[PDB]
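Visitor: To start, I am sharing the structure in question, which I have written as structure tokens.
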Amino acid sequence: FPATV
Amino acid sequence: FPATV
Amino acid sequence: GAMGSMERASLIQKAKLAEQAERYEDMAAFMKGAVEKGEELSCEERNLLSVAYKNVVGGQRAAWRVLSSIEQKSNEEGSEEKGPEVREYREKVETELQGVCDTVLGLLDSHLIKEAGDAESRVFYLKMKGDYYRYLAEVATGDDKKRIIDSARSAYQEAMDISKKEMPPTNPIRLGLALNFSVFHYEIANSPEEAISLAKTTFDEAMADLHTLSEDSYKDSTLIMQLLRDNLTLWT
Amino acid sequence: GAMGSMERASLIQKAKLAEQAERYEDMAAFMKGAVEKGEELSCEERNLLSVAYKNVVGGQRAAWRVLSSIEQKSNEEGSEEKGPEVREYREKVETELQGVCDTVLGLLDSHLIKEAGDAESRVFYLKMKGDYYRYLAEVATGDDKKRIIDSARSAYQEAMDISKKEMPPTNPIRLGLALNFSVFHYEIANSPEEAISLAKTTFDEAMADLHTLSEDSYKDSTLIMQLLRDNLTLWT
Ligand SMILES: N=C(N)c1cc(-c2cccc(NC(=O)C3(Oc4ccccc4)CCC(F)(F)CC3)c2)cs1
Ligand SMILES: N=C(N)c1cc(-c2cccc(NC(=O)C3(Oc4ccccc4)CCC(F)(F)CC3)c2)cs1
């Protein structure tokens with residue numbers, strides 16, 4: 001999965 | 001802490 | 001409000017204790033109680049709220065993905081019918097996740113966003129609103145999926161418009177908003193080119209503003225810039 | 001019983017799904033429902049029950065330790081009074097932990113232990129009974145602490161007596177029982193010499209019986225023997 005913050 | 005199972 | 005009888009300051013104190021103990025459900029309940037006192041949230045308090053619910057829903061999302069994967073395999077050609085249990089339990093976790101998202105969205109709508117006038121608060125809350133509609137979109141399949149997606153898009157877009165007018169390109173809230181809106185484009189809206197363009201433009205505009213920052217601000221901004229680069233590397 | 005309307009087999013199926021999703025509270029609730037159907041538990045089912053509650057209470061114990069540590073520091077000479085919140089929240093987590101332990105102990109008492117006649121079931125359940133009284137002892141401070149300790153000791157001792165009569169020295173349940181009873185001696189009963197003697201004798205008697213085992217049984221027994229050695233290295 002891609003990074004989120 | 002010591003190991004328990 | 002089961003926290004209605006506890007002091008606001010005590011709720012904030014206990015949220016910090018819950019964080020240290022990695023008790024994020026408790027942390028979220030304490031911060032919901034604090035929001036429901038009706039006062040605006042400070043910078044620290046906004047982040048306590050967001051950290052708590054991000055961790056709760058993040059665990060729900062990870063569990064949902066495990067169960068959805070199992071459910072999809074049970075539906076392949078050749079699988080032995082295992083009955084309704086996988087679907088039922090995936091639905092149970094999904095309903096709990098939707099409930100947490102609705103709770104957060106309810107706090108933002110009553111009345112955090114409407115009282116938020118400064119960019120750092122208003123952009124922060126509108127980003128959260130996009131994030132929790134994005135999580136609802138991840139599990140949505142019905143008549144409402146398009147509307148959920150558009151609700152996420154609309155919140156992110158309002159946040160983006162304010163952030164570009166009122167914050168420098170290195171502001172960590174602005175950067176994290178762009179990171180997440182880019183993921184929305186890639187994973188939710190079937191717009192990988194928009195996702196890549198947004199991540200790249202955000203990264204480049206931040207790079208050109210790093211020279212204005214202190215060492216501590218530099219470390220924060222470059223951390224999120226590295227996440228933008230990470231995603232670009234995943235996608236190209 | 002909120003699980004009273006669900007089939008026993010469906011509860012077991014969902015416990016396994018919850019395990020895969022690392023949803024151990026759900027797993028424990030499903031297995032409590034299965035126990036409350038009134039039938040004896042198979043080997044696999046006993047381990048699903050134990051894994052679920054071990055993970056739930058293990059997280060509670062880790063949180064309690066964090067909060068107790070903070071509370072002790074707040075009580076040192078020189079600390080600034082922070083009010084009742086640390087104590088209150090430690091008490092909240094403690095009460096939830098005690099509740100989980102009481103729930104497990106209640107399942108063992110109604111009626112898992114009394115129907116367990118085979119060594120592998122009876123020793124397994126009596127070990128659990130010692131373990132959950134040990135967790136109650138870790139947080140106990142009142143008129144009841146000695147009695148809680150003696151309840152743990154008594155359950156472990158009955159399990160030990162059966163295991164020495166009915167199981168080989170390499171049996172993993174026998175080994176794990178001895179590991180944990182040794183920790184009880186060291187950490188709860190203020191008997192480090194007993195703890196060390198038990199771990200060493202258990203290790204040596206297992207070593208001498210490894211030659212009888214298949215490769216798969218050997219791997220299981222040597223795993224727990226290594227935990228015995230680990231503790232001995234910590235304590236000497
Ligand atoms: N957890 C606690 N007790 C406390 C936390 C704070 C605190 C204080 C100031 C800032 C932050 N964080 C951020 O503004 C964001 O996160 C960042 C992530 C990486 C780098 C920089 C910021 C920006 C990106 C985001 F998406 F909007 C999430 C929030 C938090 C005080 S106390
Ligand atoms: N989690 C699941 N789905 C499933 C688990 C099983 C299963 C099946 C057979 C045995 C075991 N385990 C054990 O008998 C013990 O654990 C061990 C620990 C290390 C090495 C060997 C055994 C022995 C020591 C202990 F303290 F009594 C805890 C239990 C589990 C089937 S399904």
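Residue numbers in this text run from 1 along the chain shown.
In case you wondered, yes, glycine gets a Cβ from its N, Cα and C as well.
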Visitor: Given the candidates D:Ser10, D:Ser151, D:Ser221, specify the residue that Swiss-Prot annotates with phosphoserine.
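Guide: So the answer, going by Swiss-Prot, is D:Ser10.
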Visitor: Quickly, which of D:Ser74, D:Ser79 does Swiss-Prot have down as phosphoserine? Just give the residue.
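Guide: Matching D:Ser74, D:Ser79 against Swiss-Prot annotations yields D:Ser79.
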Visitor: Given the recorded positions D:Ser10, D:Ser79, D:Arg134, which one's Cα is the least distant from that of D:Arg61 (site 'Interaction with phosphoserine on interacting protein')?
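Guide: Comparing Cα positions, the closest of these recorded positions turns out to be D:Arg134.
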Visitor: Measuring Cα to Cα, how many angstrom lie between D:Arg134 (site 'Interaction with phosphoserine on interacting protein') and D:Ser10 (phosphoserine)?
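Guide: So the Cα of D:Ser10 (phosphoserine) lies 32 Å away from that of D:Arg134 (site 'Interaction with phosphoserine on interacting protein').
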Visitor: Provide, as an integer number of angstrom, the distance between the C-alpha atoms of D:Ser10 (phosphoserine) and D:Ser79 (phosphoserine).
Guide: 53
Visitor: Which of these recorded sites has the least crowded Cβ, counting other Cβ atoms within 10 Å: D:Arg61, D:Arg134?
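Guide: Each of the recorded sites D:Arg61, D:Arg134 was scored by Cβ atoms within 10 Å; lowest is D:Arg61.
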Visitor: Can you count helix, strand and coil residues in the expression tag (D:1-5) using DSSP?
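Guide: Its residues fall into 0 helix, 0 strand, 5 coil.
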